[PDB]
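What follows is a pair of forms of the same protein chain, given separately as C-alpha cells and numbered structure 1 and structure 2.
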Structure 1
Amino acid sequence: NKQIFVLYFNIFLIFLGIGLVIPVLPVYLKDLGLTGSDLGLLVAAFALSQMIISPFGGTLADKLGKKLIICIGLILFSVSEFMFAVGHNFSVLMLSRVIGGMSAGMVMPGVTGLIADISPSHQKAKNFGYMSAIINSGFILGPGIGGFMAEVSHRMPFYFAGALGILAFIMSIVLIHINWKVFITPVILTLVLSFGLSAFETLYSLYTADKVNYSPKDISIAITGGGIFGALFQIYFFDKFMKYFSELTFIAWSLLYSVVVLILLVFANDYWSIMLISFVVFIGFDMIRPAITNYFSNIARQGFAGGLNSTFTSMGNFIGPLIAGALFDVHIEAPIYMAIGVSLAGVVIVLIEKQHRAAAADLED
C-alpha cells in the first residue's frame, strides 16, 4: 500500500514548510527592512493559526470527509507557499503564514485519521511512530532544505515547496481512495521545551547572521548538523540513560546541559567554535522531548494527554519566537538570556515537583 507513503510525504511537507523561512529570515529582514519583531510575528502567526484551526479542522474532517480535506489542505498549503514566493509586503506575508498554519492544522488531523483508519490494528504504533518521526525531522530539516535551496535563489525554497505541494496534491488525488493538580507540571515542561526550541531556532538564524556574518548556507549546515546529531545521539543513548537515571532527574540534567551549552554559545565568537556549539546544542532538546512524552504517558485519558501536549507545544511555538524576535531588537544576546532563564525555570519546576513527590512519599509512611 503506497498510499501510506503519500500520507507520510504530506505529513513531512506540512511541517517542512514551517521551518523554510528560518534560514532565509535574515535575507528577508535585510531586503524589506523588517525588524526582528516582524519575523517573530510571522512564525508566531503560523503556529497560532495552526493551533486555532486544529480542533475546528478535526470536526470539519468529521463533517466533510477525509480525502477532500486532505486535498484542500494540500492545495491551501501550496497556494500559501506560492504567496510567500510571490508577495513582497508584510500583509501578504502574514496572510500566507496564516493560510499555511490553517493548512497545517487542517491536514494533520486528516492525515492522522486517514492513516489510522487505513492501517489495521496490527501496527497502529507505526501510524504514530514514523509519524512523530517525520514531524520533528521536518522541524529541523526545514532549514536544511531551505538554506541550500536559498543558494540558487532567494525565493527558490518557497517555489520548491510549492512544487512539492502540487506534486503531493496530485499524488493524493491519484492514489488514496479531571485533577489538573498533577497535570500542571508536564504541561509547564512542554511549554518550556517548545519555547526554548523555537526561540533558539529563531535566535540562531538572527544572531549568528548578525554577529559572525553567517551565510544562509552556513545557517542551514549548522541547523541540519545539530538536528542530525541530536537525533542520532537520542537514538543511540536514550534507552541506557533512562535505565540508569529517572524521569525527572534526567530532565533536570538535560536542561542543565542546555544551559551550559547556551552559555558556551554566548561566549563563542569563532566560526568553527560556533558551528560545533550548534552541533551540540540540539542534544538537550532532542533528549528532553521523548522524556516529556514518556512523563505525559505515565501520568495519563491518554488521548486527552496527547491533545494537551500538542496544544501546549503549539502554544510554545507561538509564544517563543514572537518574544525572541521582539527581544532581538533590544540586544542580539537578549534571547540567549531569555532561553537560559526559561531553562532555569524548568529546572526549578522539576526540582519543586521532585521535592513534592519526596514529601508525599515520606508522609505516606
Structure 2
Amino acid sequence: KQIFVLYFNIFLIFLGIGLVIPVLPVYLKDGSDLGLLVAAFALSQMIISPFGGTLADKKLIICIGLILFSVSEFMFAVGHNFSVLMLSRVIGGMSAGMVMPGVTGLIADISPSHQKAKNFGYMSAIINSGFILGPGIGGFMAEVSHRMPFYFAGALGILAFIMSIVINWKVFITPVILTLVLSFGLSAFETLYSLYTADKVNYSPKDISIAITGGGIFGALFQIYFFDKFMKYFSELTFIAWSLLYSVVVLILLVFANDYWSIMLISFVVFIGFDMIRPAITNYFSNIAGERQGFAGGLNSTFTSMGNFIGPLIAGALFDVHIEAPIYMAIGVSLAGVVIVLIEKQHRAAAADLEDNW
C-alpha cells in the first residue's frame, strides 16, 4: 500500500510533463513556444534536483511538493496569459524536483534485501510509462473540455497529497550520455509527433490520443514481459544497441509511411525501443556504482531532466524548419547512441584482454 502511493505519485509527476502536449494549440492563440513550457518544467527540475537533494538531506518535502504541483496545475487550468503559464510550469518543475528526491530516497529504504535492484527498474518503467501516456491521457481528457485535463490533474494531485498523508567520474561518462540520448530521442519525438501527425496526414485529437495511448500501453506491456524474458538473450550493452537500432528502424519506416492505418499501427509499436532502453540504462547506472547509490540516481535524474529540456527546445525549431525534421533528429541521436555503445564495447574488450594478458 505504502509503495503503490509512491508509484502513483511519480507517475502523476511525470504525467504532468506531457499533459500539455495536445492542448497547448488551444491555449496559445498565437513550434518553439510549444516546446518552451515543457522545457521550463524540465529546466526547473534540473536546477532544483541537486538543491532538492540537499533539502531532502534536512518526509514533509514530498507533501509540500505535491501541494505545489497541485496549485501549479490549478493555476495552469485557470491561466490565460503567457507569464502565468510560464510561472505555472516553473512551479511544476520545482514540484517535480522536490518530489522525485523523496521518492528515490524512500523507495530504496522500503525495498528490502536485493529487491531494490528490480524496484528501481520498475520505477524507471513507471517514469517512461507516465511520460509517454501524458499526451494520450491529456488528449483523451481534452474531449470533454480543453481546460479539463489540468483540473483533473490538480484533483489527482490533491488526492495524492491526501494518500501520502495517510569516486571516479570516468565510468559515468558512458551511461550519462545514454541517459542524454534516450531522453533526447524520446521527448523531442513525442513533442513533435502530435503536430507532425496533425500536418503530414491530418490526424485528429481523438486519433492522436488513441495512437499515443495504444503505443504507450503496448510498449509498457512488452517492456515488462519481454524485459523479464529478454535479459537472458543479450547483455545490457548489446540490448541497448539493439533497442536503439530497432527504434531507428521504426522511425525511419515511419518517415516513409503516409497511410492512416499504417501510421496508426507503427505508432502502436514505436515506443517499444525506448521502453526497453530506460530500465537497461537504469541497470547500467546501478551496476556502474553499487556503493554510490543515490548519487548515481541523482545523475540519472539530472541528466534525464537535461534531456527533457534539450529535446523539445530544438525539436520545435526543427519542426518550424521542416515537418519531419525532429524524426531525423531522433534517428541521429539514436545512431549516436549506437556508436557510443560500440565504442564502449571496444574499450571494455580492450581492457578485458589487457587484464587477461596481465
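Here, a residue number simply tells you its place in the sequence of structure 1, counted from 1. Whichever C-alpha set is largest while still superposing within 1.5 Å between the two forms counts as the rigid core.
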{"property": "Candidates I188, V86, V280, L256 - which moves between structure 1 and structure 2, C-alpha at least 2 Å, core fixed", "result": "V86"}
{"property": "Rigid core fit then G226 CA moved by 2 Å or more between structure 1 and structure 2", "result": "no"}
{"property": "C-alpha of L74 moved at least 2 Å between structure 1 and structure 2 on rigid core", "result": "yes"}
{"property": "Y295 C-alpha relocation of at least 2 Å between structure 1 and structure 2, rigid core basis", "result": "no"}
{"property": "Cα displacement of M106 between structure 1 and structure 2, core-superposed (Å)", "result": "2.6"}
{"property": "Angstrom displacement of the CA atom of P120 between structure 1 and structure 2, core fixed", "result": "8.9"}
{"property": "Between structure 1 and structure 2, C-alpha offset at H331 (rigid core aligned, Å)", "result": "0.3"}
